[PDB]
Amino acid sequence: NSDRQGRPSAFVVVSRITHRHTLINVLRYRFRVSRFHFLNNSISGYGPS
Amino acid sequence: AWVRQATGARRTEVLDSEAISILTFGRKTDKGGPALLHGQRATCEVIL
Amino acid sequence: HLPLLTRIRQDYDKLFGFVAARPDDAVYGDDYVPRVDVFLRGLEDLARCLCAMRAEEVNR
Amino acid sequence: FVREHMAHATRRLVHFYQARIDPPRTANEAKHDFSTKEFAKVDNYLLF
Amino acid sequence: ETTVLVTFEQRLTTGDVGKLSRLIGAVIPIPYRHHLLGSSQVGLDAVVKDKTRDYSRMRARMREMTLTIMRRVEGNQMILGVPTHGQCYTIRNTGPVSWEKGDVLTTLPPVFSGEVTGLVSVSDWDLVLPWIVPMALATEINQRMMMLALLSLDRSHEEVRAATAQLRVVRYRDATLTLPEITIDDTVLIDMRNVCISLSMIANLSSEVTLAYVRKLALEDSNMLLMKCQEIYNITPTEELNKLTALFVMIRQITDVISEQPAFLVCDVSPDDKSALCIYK
Amino acid sequence: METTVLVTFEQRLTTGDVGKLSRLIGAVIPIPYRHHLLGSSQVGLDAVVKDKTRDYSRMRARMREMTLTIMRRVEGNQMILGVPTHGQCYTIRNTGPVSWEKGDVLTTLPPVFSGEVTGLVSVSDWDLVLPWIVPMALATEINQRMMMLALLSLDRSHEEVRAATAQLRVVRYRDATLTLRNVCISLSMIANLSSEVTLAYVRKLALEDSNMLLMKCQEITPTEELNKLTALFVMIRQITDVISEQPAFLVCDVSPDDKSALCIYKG
């Protein structure tokens, strides 16, 4: 959002899912609020990433 | 918006990423609604 | 107006990215004046959900 | 709520209709369209 | 549980159990992971006979399967030891790829060049085994599913079929398999989006040194990679560190889109090229 | 107890050289392929460090094929090795330039001769050049410095770009400072071609947006169309082969003098 890392949010996630990208897809459900902000600083800062 | 408001308010709890999964594995979406004095209930439909 | 239309169309695209996550056309239509009157309230309903802006800004 | 600070609603009347907005029908005009069977069902969002 | 004793529950033959007696060490997936299972669950075939039956739903399904290794096939008892993560296990070849010692293997749904009888269609039920491919054929066959799904976005109705047939005869090591007549399905589409988003961000992070590197190299060098890719300043390195690193977040993700689960890593291959000592589930 | 690999000393190991091998009892050993007998010419990484045109990543593509193995004991004419069981603890020897600390993930990398050129117990051109068991976050760091030096290697003719390289090979970690091509072609094919091919694919996908992320993604011949995307994805495969550094250990605790550390073996 503003402060070069955000307020780095931690999670202990349990799931029956073993596989990798099928597990990050259920995170692609949860984290759009952070993911749309992840796209934001890609254009809010040019040079800084 | 209007049809699902007209009946059946619930649209999705899952993604499109998991919407194929409910087609793949039949998942039990609706819970036991708490209004259960009789017990198990059924229905189906054929248009005449 | 192309410049005004280009800048509303850019910003009509950009606000609904925020709104769907929660962290019209012919700018000349007679009907466009109640289209603004609804869409001002469409923004007043979205500025109400995100009630936090300079005085000269409101003067500009 | 609004008193409108009544001066002459003979002329103030269509000054509203100049704008082509309508307020939502607010819980009684939206209640009359429910019928006797319709009211008691789960479809009635105005049971509260 | 680890050791899985299996009920056959069908009417098998002597010609059945003779095949598995030479197949001891094959890979069988089980969904439930009991000690006692039946052959309705044991085996992969029971889901490849679905009615939609595309590679998009079979690949995403069987990553919830649990793989086992065929042991002690005498008569009607199937010992299936569930492997543990990181012990050495030998595996008999189920698909004709020689597995090329030293590399990572994966799980391929089914041959899908027709419907192969994995053992014998016993009572109209065969026991079909997954292909265990060396992750290059796995990533490539998953690449082309999205290659030809990106193709069908901007084609009308025939230059799909004139270019899928260009790309479906996958000539790999010992195998020329076939893309399964690519069906546009939404599990591809949710992930074809994030690929197109991952291609977008690399364009953002390409900070005009990573960009112009080939286009500066063609002026100086004459290389095979450099000529085939012709057709196809700033004093801020610390910022170029972070942009290249964020670029490396994307390419470790967009590969992970089309790559599969790392699985059995080859210890040794026999000169018969059939039984392969492998570690690392 | 465990797996065993015997090494037949084709070269005569002097008792003083055995005195140096009997100091490296914990150290890792790069083996080319799992087999019970191997030559001393097989054992070690010197067969990888040897070509007029051999690049850092190509050696790393070879070492990724080489099986990591751990020294067990040196009995005179033989070296006894153990291929480590995954998940077990192993006392490996910190022969890298970096002090290890309790909880860190260790990654094997080929030793770089940039300011720290090193050999071993050498006789007849065979030494036992030993891979840098380096922490994983520094292993990705070392990789990124090598590519960015090579991406800037063509523009030596600018001194300011050369001054950008002059900062660049300075690698500084905990208690350690050290100095440090088709892979950079692979970086540039992804950088240029994704800039051009995504525009006809963002504007088509951006209408329907389930995660609500294609909206600011827009803010960010069919034969030749696929030919770009084929040689897009295959170059993405080529760089990810030489990025994902396949982590090798997890140091639980470090022995004092930082010579050794008990390391539970991972991957």
# chains A, B, ... in the order shown; residues from 1 in each chain; ligands from 1

call {"tool": "residues_around", "arguments": {"residues": "range 18-22 of chain D", "least_positions_apart": "4", "cutoff": "10 Å", "atoms": "only C-alpha atoms", "output": "PyMOL selection string"}}
result
(chain C and resi 31+33-35+37-38) or (chain D and resi 13-14)

call {"tool": "write_last_selection", "arguments": {"atoms": "N, CA and C atoms", "output": "short mmCIF file (atom, residue, chain, number, x, y, z; two decimals), in the first residue's frame"}}
result
data_model
loop_
_atom_site.label_atom_id
_atom_site.label_comp_id
_atom_site.auth_asym_id
_atom_site.auth_seq_id
_atom_site.Cartn_x
_atom_site.Cartn_y
_atom_site.Cartn_z
N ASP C 31 -30.49 12.47 -21.47
CA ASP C 31 -30.53 11.51 -20.37
C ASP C 31 -29.22 11.42 -19.62
N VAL C 33 -27.68 13.80 -18.07
CA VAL C 33 -27.72 14.61 -16.85
C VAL C 33 -28.29 13.79 -15.68
N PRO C 34 -29.37 13.00 -15.81
CA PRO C 34 -29.68 12.07 -14.71
C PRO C 34 -28.75 10.88 -14.65
N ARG C 35 -28.00 10.58 -15.72
CA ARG C 35 -26.95 9.58 -15.61
C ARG C 35 -25.83 10.07 -14.70
N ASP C 37 -26.44 12.36 -12.33
CA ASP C 37 -27.12 12.51 -11.04
C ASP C 37 -27.21 11.19 -10.29
N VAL C 38 -27.36 10.08 -11.01
CA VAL C 38 -27.26 8.78 -10.36
C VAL C 38 -25.81 8.45 -10.05
N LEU D 13 -43.23 21.21 -7.96
CA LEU D 13 -43.55 19.80 -8.13
C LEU D 13 -42.79 19.18 -9.29
N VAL D 14 -42.97 19.71 -10.50
CA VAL D 14 -42.26 19.18 -11.66
C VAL D 14 -40.80 19.57 -11.68
#

call {"tool": "residues_around", "arguments": {"residues": "residue 78 in chain E", "least_positions_apart": "3", "cutoff": "9 Å", "atoms": "only C-alpha atoms", "output": "PyMOL selection string"}}
result
chain E and resi 4-8+70-75

call {"tool": "write_last_selection", "arguments": {"atoms": "C-alpha atoms", "output": "CSV table (one decimal), in the first residue's frame"}}
result
chain,number,residue,atom,x,y,z
E,4,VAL,CA,-2.3,-50.8,1.8
E,5,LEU,CA,-3.8,-54.3,1.4
E,6,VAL,CA,-6.2,-54.2,-1.6
E,7,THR,CA,-9.4,-56.1,-2.2
E,8,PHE,CA,-9.8,-57.0,-5.9
E,70,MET,CA,2.9,-52.4,-6.2
E,71,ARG,CA,4.2,-55.2,-4.0
E,72,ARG,CA,3.6,-58.9,-3.2
E,73,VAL,CA,1.3,-59.7,-6.0
E,74,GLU,CA,0.2,-63.3,-5.4
E,75,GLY,CA,-3.4,-64.3,-6.1

call {"tool": "residues_around", "arguments": {"residues": "range 21-23 of chain A", "least_positions_apart": "5", "cutoff": "8 Å", "atoms": "only C-alpha atoms", "output": "list in words"}}
result
residues 60, 256 and 257 of chain E

call {"tool": "interface_residues", "arguments": {"of": "chain F", "to": "chain A", "cutoff": "9 Å", "atoms": "only C-alpha atoms", "output": "ChimeraX atom specification"}}
result
/F:211-217,219-220

call {"tool": "interface_residues", "arguments": {"of": "chain A", "to": "chain E", "cutoff": "7 Å", "atoms": "only C-alpha atoms", "output": "CSV table (one decimal) with C-alpha atoms, in the first residue's frame"}}
result
chain,number,residue,atom,x,y,z
A,17,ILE,CA,-4.4,-29.9,-0.7
A,18,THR,CA,-0.9,-31.3,-1.2
A,19,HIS,CA,-0.1,-29.9,-4.7
A,21,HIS,CA,-0.4,-24.4,-7.7
A,47,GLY,CA,12.0,2.1,-10.9
A,48,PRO,CA,11.2,1.0,-7.4
A,49,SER,CA,9.6,-2.4,-7.2

call {"tool": "atom_distance", "arguments": {"atom1": "CA of residue 132 in chain E", "atom2": "CA of residue 144 in chain E"}}
result
18.4 Å

call {"tool": "select_by_dssp", "arguments": {"residues": "chain A", "states": "alpha helix (DSSP H)", "output": "PyMOL selection string"}}
result
chain A and resi 21-30+32-44

call {"tool": "write_last_selection", "arguments": {"atoms": "N, CA and C atoms", "output": "PDB file, in the first residue's frame"}}
result
ATOM      1  N   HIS A  21       0.321 -25.547  -7.065  1.00  0.00           N
ATOM      2  CA  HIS A  21      -0.399 -24.434  -7.684  1.00  0.00           C
ATOM      3  C   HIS A  21      -1.896 -24.528  -7.442  1.00  0.00           C
ATOM      4  N   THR A  22      -2.408 -25.721  -7.155  1.00  0.00           N
ATOM      5  CA  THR A  22      -3.783 -25.819  -6.690  1.00  0.00           C
ATOM      6  C   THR A  22      -3.939 -25.274  -5.280  1.00  0.00           C
ATOM      7  N   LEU A  23      -2.849 -25.183  -4.516  1.00  0.00           N
ATOM      8  CA  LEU A  23      -2.919 -24.550  -3.203  1.00  0.00           C
ATOM      9  C   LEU A  23      -2.807 -23.036  -3.299  1.00  0.00           C
ATOM     10  N   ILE A  24      -1.986 -22.512  -4.213  1.00  0.00           N
ATOM     11  CA  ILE A  24      -1.934 -21.062  -4.325  1.00  0.00           C
ATOM     12  C   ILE A  24      -3.176 -20.523  -5.023  1.00  0.00           C
ATOM     13  N   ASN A  25      -3.909 -21.370  -5.753  1.00  0.00           N
ATOM     14  CA  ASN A  25      -5.169 -20.926  -6.333  1.00  0.00           C
ATOM     15  C   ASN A  25      -6.234 -20.699  -5.271  1.00  0.00           C
ATOM     16  N   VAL A  26      -6.199 -21.440  -4.160  1.00  0.00           N
ATOM     17  CA  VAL A  26      -7.153 -21.139  -3.096  1.00  0.00           C
ATOM     18  C   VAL A  26      -6.688 -19.943  -2.287  1.00  0.00           C
ATOM     19  N   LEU A  27      -5.419 -19.548  -2.460  1.00  0.00           N
ATOM     20  CA  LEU A  27      -4.950 -18.259  -1.981  1.00  0.00           C
ATOM     21  C   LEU A  27      -5.279 -17.128  -2.950  1.00  0.00           C
ATOM     22  N   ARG A  28      -5.351 -17.438  -4.255  1.00  0.00           N
ATOM     23  CA  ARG A  28      -5.802 -16.482  -5.250  1.00  0.00           C
ATOM     24  C   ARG A  28      -7.284 -16.120  -5.056  1.00  0.00           C
ATOM     25  N   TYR A  29      -8.037 -16.921  -4.285  1.00  0.00           N
ATOM     26  CA  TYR A  29      -9.364 -16.528  -3.778  1.00  0.00           C
ATOM     27  C   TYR A  29      -9.240 -15.515  -2.647  1.00  0.00           C
ATOM     28  N   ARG A  30      -8.328 -15.775  -1.710  1.00  0.00           N
ATOM     29  CA  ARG A  30      -8.348 -15.012  -0.493  1.00  0.00           C
ATOM     30  C   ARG A  30      -7.708 -13.626  -0.676  1.00  0.00           C
ATOM     31  N   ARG A  32      -7.023 -11.348  -3.172  1.00  0.00           N
ATOM     32  CA  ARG A  32      -7.199 -10.355  -4.238  1.00  0.00           C
ATOM     33  C   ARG A  32      -7.027  -8.938  -3.727  1.00  0.00           C
ATOM     34  N   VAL A  33      -7.429  -8.679  -2.479  1.00  0.00           N
ATOM     35  CA  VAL A  33      -7.270  -7.355  -1.882  1.00  0.00           C
ATOM     36  C   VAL A  33      -5.792  -6.969  -1.831  1.00  0.00           C
ATOM     37  N   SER A  34      -4.931  -7.929  -1.498  1.00  0.00           N
ATOM     38  CA  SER A  34      -3.495  -7.704  -1.576  1.00  0.00           C
ATOM     39  C   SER A  34      -2.972  -7.819  -3.004  1.00  0.00           C
ATOM     40  N   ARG A  35      -3.586  -8.674  -3.827  1.00  0.00           N
ATOM     41  CA  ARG A  35      -3.113  -8.895  -5.189  1.00  0.00           C
ATOM     42  C   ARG A  35      -3.413  -7.711  -6.082  1.00  0.00           C
ATOM     43  N   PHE A  36      -4.558  -7.068  -5.880  1.00  0.00           N
ATOM     44  CA  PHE A  36      -4.858  -5.860  -6.636  1.00  0.00           C
ATOM     45  C   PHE A  36      -3.995  -4.694  -6.172  1.00  0.00           C
ATOM     46  N   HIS A  37      -3.558  -4.713  -4.912  1.00  0.00           N
ATOM     47  CA  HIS A  37      -2.574  -3.742  -4.453  1.00  0.00           C
ATOM     48  C   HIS A  37      -1.168  -4.103  -4.916  1.00  0.00           C
ATOM     49  N   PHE A  38      -0.906  -5.394  -5.138  1.00  0.00           N
ATOM     50  CA  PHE A  38       0.366  -5.825  -5.703  1.00  0.00           C
ATOM     51  C   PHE A  38       0.535  -5.312  -7.125  1.00  0.00           C
ATOM     52  N   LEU A  39      -0.555  -5.297  -7.888  1.00  0.00           N
ATOM     53  CA  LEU A  39      -0.540  -4.716  -9.223  1.00  0.00           C
ATOM     54  C   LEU A  39      -0.433  -3.200  -9.165  1.00  0.00           C
ATOM     55  N   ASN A  40      -0.917  -2.602  -8.070  1.00  0.00           N
ATOM     56  CA  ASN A  40      -0.954  -1.148  -7.947  1.00  0.00           C
ATOM     57  C   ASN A  40       0.449  -0.554  -7.850  1.00  0.00           C
ATOM     58  N   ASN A  41       1.296  -1.078  -6.956  1.00  0.00           N
ATOM     59  CA  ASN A  41       2.643  -0.524  -6.803  1.00  0.00           C
ATOM     60  C   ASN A  41       3.549  -0.851  -7.983  1.00  0.00           C
ATOM     61  N   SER A  42       3.174  -1.838  -8.804  1.00  0.00           N
ATOM     62  CA  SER A  42       3.852  -2.032 -10.084  1.00  0.00           C
ATOM     63  C   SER A  42       3.743  -0.802 -10.984  1.00  0.00           C
ATOM     64  N   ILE A  43       2.637  -0.063 -10.902  1.00  0.00           N
ATOM     65  CA  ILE A  43       2.496   1.190 -11.637  1.00  0.00           C
ATOM     66  C   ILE A  43       2.550   2.422 -10.743  1.00  0.00           C
ATOM     67  N   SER A  44       2.357   2.279  -9.428  1.00  0.00           N
ATOM     68  CA  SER A  44       2.507   3.430  -8.541  1.00  0.00           C
ATOM     69  C   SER A  44       3.967   3.821  -8.379  1.00  0.00           C
TER      70      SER A  44
END

call {"tool": "interface_residues", "arguments": {"of": "chain B", "to": "chain F", "cutoff": "10 Å", "atoms": "only C-alpha atoms", "output": "PyMOL selection string"}}
result
chain B and resi 15-17

call {"tool": "write_last_selection", "arguments": {"atoms": "N, CA and C atoms", "output": "short mmCIF file (atom, residue, chain, number, x, y, z; two decimals), in the first residue's frame"}}
result
data_model
loop_
_atom_site.label_atom_id
_atom_site.label_comp_id
_atom_site.auth_asym_id
_atom_site.auth_seq_id
_atom_site.Cartn_x
_atom_site.Cartn_y
_atom_site.Cartn_z
N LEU B 15 -14.44 -19.82 -6.01
CA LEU B 15 -14.03 -19.18 -7.25
C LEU B 15 -14.53 -19.94 -8.46
N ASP B 16 -14.27 -19.36 -9.64
CA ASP B 16 -14.25 -20.14 -10.87
C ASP B 16 -13.14 -21.19 -10.83
N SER B 17 -12.05 -20.91 -10.12
CA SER B 17 -10.97 -21.87 -9.93
C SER B 17 -11.45 -23.10 -9.17
#

call {"tool": "residues_around", "arguments": {"residues": "residue 263 in chain E", "least_positions_apart": "5", "cutoff": "7 Å", "atoms": "only C-alpha atoms", "output": "CSV table (one decimal) with N, CA and C atoms, in the first residue's frame"}}
result
chain,number,residue,atom,x,y,z
E,104,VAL,N,13.9,-35.4,-12.5
E,104,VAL,CA,12.7,-35.5,-11.7
E,104,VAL,C,11.6,-36.1,-12.6
E,105,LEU,N,10.8,-37.0,-12.0
E,105,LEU,CA,9.6,-37.6,-12.7
E,105,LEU,C,8.4,-37.0,-12.1
E,106,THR,N,7.3,-37.1,-12.8
E,106,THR,CA,6.0,-36.5,-12.4
E,106,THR,C,4.9,-37.6,-12.6
E,280,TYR,N,12.6,-39.3,-3.3
E,280,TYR,CA,11.9,-38.0,-3.3
E,280,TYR,C,10.6,-37.9,-4.0
E,281,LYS,N,9.6,-38.5,-3.3
E,281,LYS,CA,8.2,-38.1,-3.6
E,281,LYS,C,7.9,-36.7,-3.8

call {"tool": "interface_residues", "arguments": {"of": "chain E", "to": "chain F", "cutoff": "7 Å", "atoms": "only C-alpha atoms", "output": "PyMOL selection string"}}
result
chain E and resi 86-87+102+193+196-197+199-204+206+209-214+232-237+251-252+255+267-268

call {"tool": "write_last_selection", "arguments": {"atoms": "N, CA and C atoms", "output": "compact mmCIF listing (two decimals), in the first residue's frame"}}
result
# COMPACT_ATOMS: atom_id res chain seq x y z
N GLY E 86 11.30 -39.26 0.59
CA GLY E 86 12.74 -39.23 0.60
C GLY E 86 13.46 -40.55 0.78
N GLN E 87 12.77 -41.68 0.66
CA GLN E 87 13.44 -42.97 0.61
C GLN E 87 13.59 -43.41 -0.84
N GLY E 102 18.80 -39.31 -13.55
CA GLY E 102 19.26 -38.10 -12.87
C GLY E 102 18.24 -36.99 -12.79
N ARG E 193 -5.42 -16.54 -17.36
CA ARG E 193 -5.45 -15.14 -16.92
C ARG E 193 -4.16 -14.78 -16.21
N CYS E 196 -1.24 -14.48 -18.41
CA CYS E 196 -1.29 -13.22 -19.14
C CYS E 196 -1.00 -12.03 -18.24
N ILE E 197 -1.35 -12.13 -16.96
CA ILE E 197 -0.97 -11.12 -15.98
C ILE E 197 0.52 -11.23 -15.65
N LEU E 199 2.83 -12.29 -17.75
CA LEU E 199 3.52 -11.71 -18.90
C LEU E 199 3.47 -10.19 -18.87
N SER E 200 2.43 -9.62 -18.27
CA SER E 200 2.29 -8.17 -18.22
C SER E 200 3.31 -7.55 -17.28
N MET E 201 3.54 -8.18 -16.13
CA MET E 201 4.39 -7.59 -15.11
C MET E 201 5.87 -7.67 -15.49
N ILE E 202 6.26 -8.69 -16.25
CA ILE E 202 7.62 -8.79 -16.75
C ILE E 202 7.92 -7.65 -17.72
N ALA E 203 6.91 -7.24 -18.50
CA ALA E 203 7.04 -6.05 -19.33
C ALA E 203 7.21 -4.79 -18.50
N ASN E 204 6.57 -4.74 -17.33
CA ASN E 204 6.72 -3.60 -16.44
C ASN E 204 8.11 -3.58 -15.83
N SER E 206 10.90 -4.88 -16.88
CA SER E 206 12.01 -4.96 -17.82
C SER E 206 12.64 -3.58 -17.95
N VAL E 209 17.69 -2.82 -19.73
CA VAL E 209 18.99 -3.47 -19.83
C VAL E 209 18.66 -4.93 -20.08
N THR E 210 17.73 -5.44 -19.28
CA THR E 210 17.15 -6.74 -19.53
C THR E 210 16.38 -6.75 -20.85
N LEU E 211 15.77 -5.62 -21.23
CA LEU E 211 15.15 -5.48 -22.55
C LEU E 211 16.15 -5.61 -23.68
N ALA E 212 17.07 -4.66 -23.78
CA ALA E 212 17.88 -4.50 -24.98
C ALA E 212 19.04 -5.48 -25.07
N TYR E 213 19.07 -6.53 -24.25
CA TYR E 213 20.28 -7.36 -24.18
C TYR E 213 20.50 -8.18 -25.44
N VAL E 214 19.44 -8.78 -25.99
CA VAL E 214 19.57 -9.47 -27.28
C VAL E 214 19.79 -8.46 -28.40
N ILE E 232 11.94 -13.92 -33.77
CA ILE E 232 11.02 -14.15 -32.67
C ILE E 232 11.01 -12.97 -31.72
N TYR E 233 24.44 4.85 -19.24
CA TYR E 233 22.99 4.70 -19.11
C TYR E 233 22.55 5.06 -17.70
N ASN E 234 21.91 4.12 -17.02
CA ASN E 234 21.51 4.30 -15.64
C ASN E 234 22.54 3.73 -14.67
N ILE E 235 22.66 4.37 -13.51
CA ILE E 235 23.67 4.03 -12.51
C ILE E 235 22.88 3.56 -11.29
N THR E 236 21.78 2.86 -11.55
CA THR E 236 20.92 2.35 -10.49
C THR E 236 20.85 0.82 -10.52
N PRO E 237 21.86 0.18 -9.95
CA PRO E 237 21.92 -1.29 -9.90
C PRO E 237 21.09 -1.84 -8.75
N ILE E 251 8.55 -15.53 -12.88
CA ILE E 251 8.93 -16.66 -13.71
C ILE E 251 9.06 -17.95 -12.91
N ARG E 252 9.27 -17.87 -11.60
CA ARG E 252 9.12 -19.06 -10.77
C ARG E 252 7.66 -19.40 -10.51
N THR E 255 6.25 -20.56 -14.54
CA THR E 255 6.68 -21.93 -14.80
C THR E 255 5.88 -22.91 -13.96
N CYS E 267 17.47 -42.38 -8.78
CA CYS E 267 18.75 -42.82 -8.24
C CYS E 267 19.58 -43.49 -9.33
N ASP E 268 19.08 -44.59 -9.87
CA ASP E 268 19.73 -45.34 -10.94
C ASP E 268 18.68 -45.86 -11.90

call {"tool": "residues_around", "arguments": {"residues": "residue 145 in chain E", "least_positions_apart": "6", "cutoff": "9 Å", "atoms": "only C-alpha atoms", "output": "PyMOL selection string"}}
result
chain E and resi 55-56+179-180+182-184+188

call {"tool": "interface_residues", "arguments": {"of": "chain C", "to": "chain A", "cutoff": "8 Å", "atoms": "only C-alpha atoms", "output": "compact mmCIF listing (two decimals) with N, CA and C atoms, in the first residue's frame"}}
result
# COMPACT_ATOMS: atom_id res chain seq x y z
N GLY C 17 -11.91 -1.59 -9.94
CA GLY C 17 -10.88 -2.47 -9.41
C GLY C 17 -10.83 -2.42 -7.90
N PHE C 18 -10.92 -1.22 -7.34
CA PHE C 18 -10.95 -1.06 -5.89
C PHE C 18 -12.25 -1.60 -5.29
N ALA C 21 -12.84 -5.42 -4.76
CA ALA C 21 -12.03 -6.00 -3.69
C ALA C 21 -12.37 -5.46 -2.32
N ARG C 22 -12.87 -4.22 -2.26
CA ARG C 22 -13.05 -3.46 -1.03
C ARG C 22 -11.82 -3.38 -0.12
N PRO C 23 -10.70 -2.75 -0.58
CA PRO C 23 -9.74 -2.43 0.48
C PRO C 23 -10.10 -1.15 1.24

call {"tool": "interface_residues", "arguments": {"of": "chain B", "to": "chain D", "cutoff": "10 Å", "atoms": "only C-alpha atoms", "output": "PyMOL selection string"}}
result
chain B and resi 5-9

call {"tool": "residues_around", "arguments": {"residues": "residue 108 in chain E", "least_positions_apart": "3", "cutoff": "10 Å", "atoms": "only C-alpha atoms", "output": "list in words"}}
result
residues 55, 58, 59, 62, 95, 105, 111, 112, 129, 130, 131, 132, 133, 134, 135, 137, 138, 141, 142 and 260 of chain E

call {"tool": "atom_distance", "arguments": {"atom1": "CA of residue 172 in chain E", "atom2": "CA of residue 100 in chain E"}}
result
12.0 Å

call {"tool": "interface_residues", "arguments": {"of": "chain B", "to": "chain E", "cutoff": "10 Å", "atoms": "only C-alpha atoms", "output": "PyMOL selection string"}}
result
chain B and resi 15-21+23-25

call {"tool": "atom_distance", "arguments": {"atom1": "CA of residue 13 in chain C", "atom2": "CA of residue 198 in chain E"}}
result
20.4 Å
